[PDB]
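1. A structural model of the following input is requested.
(9 chains)
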Amino acid sequence: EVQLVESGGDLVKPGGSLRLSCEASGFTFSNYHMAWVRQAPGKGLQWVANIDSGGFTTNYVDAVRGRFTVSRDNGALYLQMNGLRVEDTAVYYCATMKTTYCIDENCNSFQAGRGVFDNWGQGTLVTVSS
Amino acid sequence: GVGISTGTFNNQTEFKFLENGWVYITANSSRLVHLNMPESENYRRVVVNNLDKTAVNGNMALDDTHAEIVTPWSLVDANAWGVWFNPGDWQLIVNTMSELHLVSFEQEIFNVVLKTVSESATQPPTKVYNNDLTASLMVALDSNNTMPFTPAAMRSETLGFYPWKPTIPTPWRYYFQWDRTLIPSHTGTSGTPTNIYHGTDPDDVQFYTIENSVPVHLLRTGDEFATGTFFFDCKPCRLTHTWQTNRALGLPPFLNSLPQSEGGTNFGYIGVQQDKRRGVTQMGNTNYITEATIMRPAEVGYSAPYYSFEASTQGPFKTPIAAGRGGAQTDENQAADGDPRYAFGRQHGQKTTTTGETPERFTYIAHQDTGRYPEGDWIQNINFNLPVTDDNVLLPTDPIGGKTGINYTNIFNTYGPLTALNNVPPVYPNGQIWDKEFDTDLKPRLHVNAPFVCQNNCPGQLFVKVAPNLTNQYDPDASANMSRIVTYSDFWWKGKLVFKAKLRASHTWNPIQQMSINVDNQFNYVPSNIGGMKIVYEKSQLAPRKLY
Amino acid sequence: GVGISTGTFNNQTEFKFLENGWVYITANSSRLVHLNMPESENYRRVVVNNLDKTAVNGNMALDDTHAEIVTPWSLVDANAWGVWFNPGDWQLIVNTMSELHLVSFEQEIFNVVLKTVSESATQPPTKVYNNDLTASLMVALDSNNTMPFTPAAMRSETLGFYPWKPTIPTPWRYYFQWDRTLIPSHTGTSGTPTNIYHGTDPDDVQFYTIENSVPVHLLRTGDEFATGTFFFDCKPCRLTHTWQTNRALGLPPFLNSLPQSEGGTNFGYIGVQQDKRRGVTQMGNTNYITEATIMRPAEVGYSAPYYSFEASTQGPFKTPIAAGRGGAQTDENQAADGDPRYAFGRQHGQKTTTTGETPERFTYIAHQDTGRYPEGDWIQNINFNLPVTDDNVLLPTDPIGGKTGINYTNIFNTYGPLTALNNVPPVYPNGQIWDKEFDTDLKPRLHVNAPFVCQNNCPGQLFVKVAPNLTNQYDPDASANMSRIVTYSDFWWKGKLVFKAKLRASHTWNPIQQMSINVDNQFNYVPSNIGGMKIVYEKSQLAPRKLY
Amino acid sequence: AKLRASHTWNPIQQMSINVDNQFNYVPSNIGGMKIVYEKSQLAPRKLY
Amino acid sequence: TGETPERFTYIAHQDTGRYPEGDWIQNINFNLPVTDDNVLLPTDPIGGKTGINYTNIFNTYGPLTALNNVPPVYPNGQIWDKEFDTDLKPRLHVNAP
Amino acid sequence: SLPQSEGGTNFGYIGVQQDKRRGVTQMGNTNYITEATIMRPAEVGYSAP
Amino acid sequence: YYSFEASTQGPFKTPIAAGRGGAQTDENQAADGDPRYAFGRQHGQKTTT
Amino acid sequence: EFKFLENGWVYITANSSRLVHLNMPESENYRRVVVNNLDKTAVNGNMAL
Amino acid sequence: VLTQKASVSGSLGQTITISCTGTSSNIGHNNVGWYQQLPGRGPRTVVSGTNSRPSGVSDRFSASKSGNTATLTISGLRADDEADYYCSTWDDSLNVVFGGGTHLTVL
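-> Residues are numbered from 1 along each chain as shown, chains lettered A, B, ... in the order given. Find the structure here:
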């Protein structure tokens, strides 16, 4: 079965840097676009970033644009965090973005798309404070 | 009999000189082919999808989506130059021959050996190999060309080029029909362009099976199979390149003033003013007769839309072009559209001791100078007022449709009734030898992949498959896969490919270019200390010939 | 020799067009047959009983009680359409042929391989397979048809329909004689009706044995067996269906008034009053000449008691009927008595990747319209006073014997000297090809299971059995079963079935129905991604023909 | 003409009468006839 | 009734045609993903006309081109046609097979 | 890598990254070998104005 | 028409194998495709020019 | 008529028979008629008509 | 941010509906996904468009989309349905946009 496991969440000081990892197994990790999505304590899901299946393009939200970075190595995902701030305290997840959607029940025909996450990882907590 | 060999290994190239300067070339190739049993005995219909890559806007050139019938059989393809000729033989051929005819082709299989792996249950795992004298190898020969033609050199999957290295065959798989739409987009194209795989249109379904269309021979350890001699009818392949373009056809202008002293600045001068010269030009409204405006018999070469992608039922494909680029001979890294690039593995030329899976690559810059140089040719108004102004010319620097990086040459086609062109030059060792002519009523003038094209038929493809070796627990009513005893086969493949060539004759004072060993390429033709071999690419049209 | 193959796998269908529009069809079928050793070397006489099911009042239609001699041998039966023709070949045959003759049949066995399973005593169980070069396979060919005829398609046990799937034979067992009584009852029938199995009447005992009636060939790994060509004499099978019933035979009435404008309500009118019309009717006491009372040459079709059960020495059996139902073509779920229903497994058409043991089922609604529609036909008094009253008519809604659900058509037989009917249409792929004619002095006019009936003889049945492989502890005086080394065999079976057909010719303005691939049935003729195959049922009489 | 031969497991497309096109090949009650267009290359063939 | 002719468009079963909305052109450098300045999509205008794109003036016929003969059309299709008197003659006719 | 279970989303995967594949392409300046850039024998069909 | 193609030896004018339409009205109104011949006193020009 | 020959070839014979009705010509003389529809093409943008 | 209702409540076995809303220019052309969020767990995809469910997901879930709105229907509530429901999609500005969630509750 598909398995995604996050790691690296830990207490850190504001303004520092960190590296979160998302190991993958049980499926062709390189055939799926991936995404980092965060949730602050008791808040809604917030999209952090996403990366394609070859690293050609990466996308971010304005809040982390210019601060963080995403990379992949065909075996796992990595999020590099720089310029951490207090609000960044949250739990982060790595999810596969469903790049294909079949248009029939046996799904003989399929279409490209975006905006749906198929499988999720466990998630890891990052706290930034003294 | 088990203990009696049924053939002889032979890998000797023979030259027999006939009357009137013709040479009868025989290329005997012999390999040891290793064959595992198929992953599954059943035919699969697999839809391969990479919408993740094409979902990124602007990546439409990276489409691999398709549908293929994956078969349990394995194809033994010898359609590659390297399989037959070692570097020395190719050197002899290119240096001393001028034209090449494909004459005959035969192939056979002998010394079939079938073994089974008994993996012991001992706590430290171990495995013993035993001779299963009753196992059978299925050999199918598509003598009638019923199956789709699937040349292997296009994917670099032909037999190896080293007689002293065992080779493996390629699992046979053939395209199934499908419909696809990929609306082109670019970085910055809003939203997701239409990218859909509609499936198979029923009218265009074909599901071939070797068991239904080709007789199958069962070969035990004491049996052998021979395909018989096949005779070709392909057009000759020229081993000479043409250097003359339009500017070098016909009688040059008469130089009324010739240089008096040797030097780099002492040029000859025609003398007569351009407007008062005598000649013929296709331009009926200019008295300027020039080395550019003069009328040539015809057009050597044709400009074609380069990096143009055309969509059809199955999606986008790159428009082929049958000529090389101009000026690319200066540096291989400066190649562009039209120069064939080959990527190959350790079986087909790459240093056999290389680590990693990165294929060895090279772009073949053909010696023939019949290509085009898009930065040069331009368009100007019919009035032909000189010097031209901006409003009366369309330079290659001018944009089309507002795109600063795309100019007019990208959408320009000069192919016409006067177009003349040469056949594709052979590529050694990774190049294909022969290809099948299309079934269309009107057929292409030439193929971009093989120099020889079968007018009537090509030799039947050869398929090999380890016959099922059932265990005693088999049950056809079980939905699970058939249980089989782990088995593999080693069999010797011997082929004979017969060419006929003509020996070249000197027709000029100066010598011509020849392939030779030198201090730079020295160690590319001898093994390393750890047995490493390689077969680098070699050029096949070093000798020039006159076109007009 | 061990290492020399004795045959060649061949599964190609050949068409050879002869003079005068006849086609010589050759169906070569080749399979890999797997055979375990028998459960026991001895013939058993087993009485199968299911009185638990029939002990429930009203379940008399669920009787399986019988007596069978179970033999150690295994039958290799190829009497099924699917074994010979792939869907494309059947499409060609049905669309372009009109009649089919069974010409010849031959079969042979080659590449016999015998293996033994040595199950190690290692604490983690393991088992190694070894080639027992001295083991023998017994092949018996009942060339004289001494053994009882036991077609396998009736039980869906013929060889598989996929050339690329190993097939298994069917253990051979033949009915032994017995006597039985099952007095019918219904839910609410007091007490237990007489339900008794009296045993075997001595005068009707037959205990056949292959070892006593058929020569037996012992084939080692280097031997092969061929049955020789058998030539049939069966009547031709028509590949066209008849649509005309009694109401559409002969010259229609003259329409004195014809429609003047196209429309769904503009019908033609005969004009003449019914009593004043001119014609001939078999009813000698009515002047009403109608489209129903007019005299036809004969009767197309016959009504028979449907769901009628007849008892004999062996118990109850369902009365067969040789025609389909009327109006069942609208929906297969609305079928009724007379439409043959086939249930088959993963070897014989069911999706090979299906989980579960539920057989795949279908009812074959034949295209021929010579059946009967019981709700329609009725009976009325001879006086023929019109309109009929209750006392002078017997409608299908009327009960018989006070049973509200049983009407008169259930016990009505119209078979007579004027009856005409068609032969059973072929069923693909699960249908039987040929059947043996009965030994009775007066023989049935047609068979409900196979279109071709052997007038003189059918090809001898082929029996295969792994010969005993005795251990060193054997003792014939021990009452226990013989000890044997676990053994199995894999051998290739190749058969050639030769038909002769006639090509159809167009005889009407309009086109006829044809079998074709379409978006609905598209994926029923190609493998799935996990290798799943299926062979759906196909209709064999799409083209119409005139009866009178 | 040459008669076609089956070269695949699956069947090919064929022209056939059906409940939709039924009444396009028979006259109407007022003698009306028609001849609808029919496709001429229903069978597929391999190019390469 | 009426003089309106009966019409039909014959969509041939052969799949050797082209789908202009698909094929595109891009710069020789082949940097991916392509940018606006390095591609000429079918949505791009030519000469400033918003409804005319590059495929309208694009010809890919070349030495490698292969094509099939016109399929018969029943019942209204022509059977035979005369070859032209020109010294160089067309490869095929669009009206008769 | 071939599909293991029948379904509308179980596609086959080539596995090898595009730039590291083995083949022949008429484009002499790209290592990306794809189902679109691969060299076919000739062109079936022609675009016309 | 009036398209110039470059090769190893430089630019050359693309040939065309047909004349122009309507040029028959006046020779001075000719355009691409009409062959223009210039000759001397040996080949037609008035020998006393 | 279909007549099946050797080697799978069929000899097809299509006999067609019609009753042709012919009125006399409007005039016995050959006419040279210039057909004009400049009214339709006089409208700008109707050059395709 | 897509619009969502803060919470809903219903009795066991009731068939209920929840809604997510946004500008048709983003929620319209792009697909919409619905995920469940139980306490002590990461989001679980329940609906992935075309009314198709991921493997291991109860068939009770269904979804539909129309212009600005997307609707998720539960065919019979169960005690384990008390959880947050989250809508997500892609936005033509090249973003991934989520809704505010909706805390489904059981009476």
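2. And the residue nearest the centre of chain A, its phi and psi?
-> Centroid-nearest residue in chain A: residue A:36, 1.8 Å away (criterion: C-alpha atoms, centre = their mean). Residue A:36 has phi and psi values of phi -100, psi 120 when expressed as degrees, to the nearest 10.
3. what bridges to it?
-> residue A:49, residue A:94 (DSSP bridges).
4. For chain A, which segments count as strands?
-> A:3-7, A:11-12, A:18-25, A:33-39, A:45-51, A:58-60, A:69-72, A:76-81, A:90-97, A:100-102, A:110-112, A:117-120, A:124-128 (DSSP state E).
5. ignore the last one, the stretch 151-300 of chain B
-> Along the stretch 151-300 of chain B, counting by DSSP state E, counting those that start in this stretch, strands occupy B:170-175, B:179-182, B:195-199, B:216-219, B:225-226, B:230-231, B:237-238, B:240-242, B:280-283, B:299-300.
6. so which of these comes closest to chain A?
-> strand B:195-199 (3.6 Å; C-beta to the nearest C-beta). Quick note: C-beta positions are derived from backbone N, CA and C, even for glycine.
7. buried ones in the closest one?
-> B:195-197, B:199 (16 or more other C-beta atoms under 10 Å in any protein chain shown).
8. got it, and stretch B:242-258?
-> Across stretch B:242-258, burial judged by 16+ other C-beta under 10 Å covers B:242, B:244-249, B:253.
9. before we move on, what about stretch B:225-237?
-> So stretch B:225-237, judged by 16+ other C-beta under 10 Å, has buried residues B:225, B:227, B:232, B:234, B:236-237.
10. likewise stretch B:519-535?
-> Across stretch B:519-535, burial judged by 16+ other C-beta under 10 Å covers B:533-535.
11. now swap in stretch B:417-435 and tell me
-> By neighbour count on 16+ other C-beta under 10 Å, the buried set for stretch B:417-435 is B:418-419, B:421-435.
12. repeat for stretch B:439-453
-> So for stretch B:439-453, counting by 16+ other C-beta under 10 Å, buried means B:440, B:444, B:446-453.
13. same question, stretch I:79-89
-> Those would be I:81, I:83-89, for stretch I:79-89 by 16+ other C-beta under 10 Å.
14. How much space separates the residue in chain A that chain D sits nearest to from residue A:41?
-> Going by C-beta to the nearest C-beta, chain D is nearest to residue A:108 of chain A, at 15.9 Å. For residue A:108, the distance to residue A:41 (C-beta to C-beta, to the nearest Å) stands at 45 Å.
15. Between the two, which has more neighbouring residues?
-> residue A:108 (16 against 9; other C-beta atoms under 10 Å in any protein chain shown).
16. Identify the nearest residue to the more buried one in space, disregarding sequence-adjacent positions?
-> Leaving out its chain neighbours, the residue that sits closest to residue A:108 by C-beta to C-beta, 6 or more residues apart in numbering or on different chains is residue B:199, at 4.6 Å.
17. about what we covered before: and the buried residues of stretch B:519-535 as CSV, adding secondary structure?
-> Listed next are these as CSV, based on DSSP: H, G, I helix; E, B strand; the rest coil:
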residue, secondary structure
B:533, coil
B:534, coil
B:535, coil
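18. ok, of those residues, which one's closest to chain A?
-> For those, the residue nearest chain A by C-beta to the nearest C-beta is residue B:534; the value is 28.2 Å.
19. Just to check, the closest one is in contact with residue B:527?
-> No. Between residue B:534 and residue B:527 there is no contact, the gap being 9.2 Å when judged by C-beta atoms under 8 Å.
20. who's the residue nearest the centre of chain I bridged to?
-> In chain I, the C-alpha nearest the mean C-alpha coordinate belongs to residue I:34, at 3.6 Å (C-alpha atoms, centre = their mean). With DSSP bridges as the criterion, residue I:34 is bridged to residue I:47, residue I:87.
21. now it: how far from residue A:10?
-> Counting by C-beta to C-beta, the gap between residue I:34 and residue A:10 amounts to 32 Å.
22. Can you name the residues of chain A that neighbour chain I?
-> Neighbours of chain I within chain A, by C-beta under 8 Å from any C-beta of the partner chain: A:35, A:37, A:44-47, A:50, A:59, A:61, A:93, A:95, A:97-98, A:101-103, A:105, A:107, A:113-123.
23. Show me just the buried residues among the residues you listed.
-> Among those, those buried by neighbour count (16+ other C-beta under 10 Å) are A:35, A:37, A:45-47, A:50, A:61, A:93, A:95, A:97-98, A:101-103, A:107, A:113-121, A:123.
24. For the stretch 251-400 of chain B, which residue gets nearest to chain H?
-> Among the residues of the stretch 251-400 of chain B, residue B:382 lies closest to chain H, at 21.9 Å counting by C-beta to the nearest C-beta.
25. Might one say that that residue is in contact with residue G:1?
-> Yes. Counting by C-beta under 8 Å, residue G:1 is a contact partner of residue B:382 at 6.3 Å.
26. if we can go back for a sec, tell me which of the buried residues of stretch B:242-258 is nearest to chain C?
-> Closest approach between these and chain C, by C-beta to the nearest C-beta: residue B:242, at 48.4 Å.
27. Identify the spatial nearest neighbour of the closest one, chain neighbours not counted.
-> Distances taken as C-beta to C-beta, 6+ apart place residue B:547 nearest to residue B:242, at 4.7 Å, with adjacent residues excluded.
28. burial count for the one you found?
-> Using other C-beta under 10 Å: residue B:547 sits among 16 other residues.
29. Residue B:129 now?
-> Residues lying near residue B:129 (other C-beta under 10 Å) number 11.
30. Then residue B:541?
-> Residue B:541 has 20 nearby residues by other C-beta under 10 Å.
31. Could you do residue B:45 as well?
-> Using other C-beta under 10 Å, residue B:45 is surrounded by 21 other residues.
32. So what pairs up with it in the strands?
-> residue B:69.
33. so it sits right up against residue C:527, yeah?
-> Yes. Counting by C-beta under 8 Å, residue B:45 does reach residue C:527; the two are 4.9 Å apart.
34. Now do the same contact list for the residue of the stretch 251-400 of chain B closest to chain H.
-> Shown in contact with residue B:382 (C-beta atoms under 8 Å, 6 or more residues apart in numbering or on different chains): B:285, G:1-2, G:31-32.
35. Please convert the residues you listed to JSON lines, extending it with distance to residue I:9.
-> Shown next, in JSON lines, are the contacts of residue B:382 (distance: C-beta to C-beta, whole Å):
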{"residue": "B:285", "distance to residue I:9": "88"}
{"residue": "G:1", "distance to residue I:9": "79"}
{"residue": "G:2", "distance to residue I:9": "80"}
{"residue": "G:31", "distance to residue I:9": "84"}
{"residue": "G:32", "distance to residue I:9": "82"}
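36. Farthest-apart pair in these, please.
-> B:285 and G:1 (11.2 Å; C-beta to C-beta).
37. Could you pull up the residues touching residue I:82?
-> Neighbouring residues of residue I:82 by C-beta under 8 Å, 6+ apart: I:104-106.
38. residue contacts, residue I:90?
-> Residue I:90 touches A:113-115, B:192, I:26, I:30-31, I:96-97, counting by C-beta under 8 Å, 6+ apart.
39. how near is residue B:326 to residue B:375?
-> 9 Å.
40. Looking only at neighbour counts, state which of those two leads.
-> residue B:326 (22 against 14).
41. The more buried one is in contact with residue B:371, isn't it?
-> Yes. Applying C-beta under 8 Å as the test, residue B:326 and residue B:371 come out as touching, 4.8 Å apart.
42. residues near residue B:322, how many?
-> 26.
43. repeat for residue A:1
-> Other residues near residue A:1 number 8, with proximity taken as other C-beta under 10 Å.
44. which residues does residue B:235 contact?
-> The contact partners of residue B:235, by C-beta under 8 Å, 6+ apart, come to B:423, B:452-453.
45. nearest to chain E, of these?
-> Minimum distance to chain E across these is 10.0 Å, recorded for residue B:423 (C-beta to the nearest C-beta).
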